[PDB]
Amino acid sequence: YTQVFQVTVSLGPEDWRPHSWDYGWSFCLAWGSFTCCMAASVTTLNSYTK
Amino acid sequence: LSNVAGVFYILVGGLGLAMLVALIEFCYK
């Protein structure tokens with residue numbers, strides 16, 4: 001969807017082309033959802049070793 | 001960024017290989 005967003009700004013979307021492109025803000029918070037899927041997994045495989 | 005996102009498919013396609021070789025080892029278990 002960033003590949004969607006970058007290509008469509010290269011289209012200059014039909015009348016809404018911004019001089020922004022300031023991403024998110026919850027999409028930056030969506031990036032923290034990935035590491036909180038990773039920090040959840042490192043402790044539950046830590047219980048798996050024993 | 002556009003040259004770098006098509007190469008994610010060989011990453012995730014390898015990630016699908018990570019379980020299929022592992023799950024048959026559970027059949028080896």
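Read the figures in this text as sums done on the coordinates, not as results from a lab.
Below, the figures for the structure above:
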{"read-out": "Folded to 0 to 90 degrees: helix A:26-44 orientation relative to chain A principal axis, Cα", "value": "20"}
{"read-out": "Dimensionless Rg ratio for chain A, taking C-alpha atoms and the 2.2 N^0.38 Å reference", "value": "1.85"}
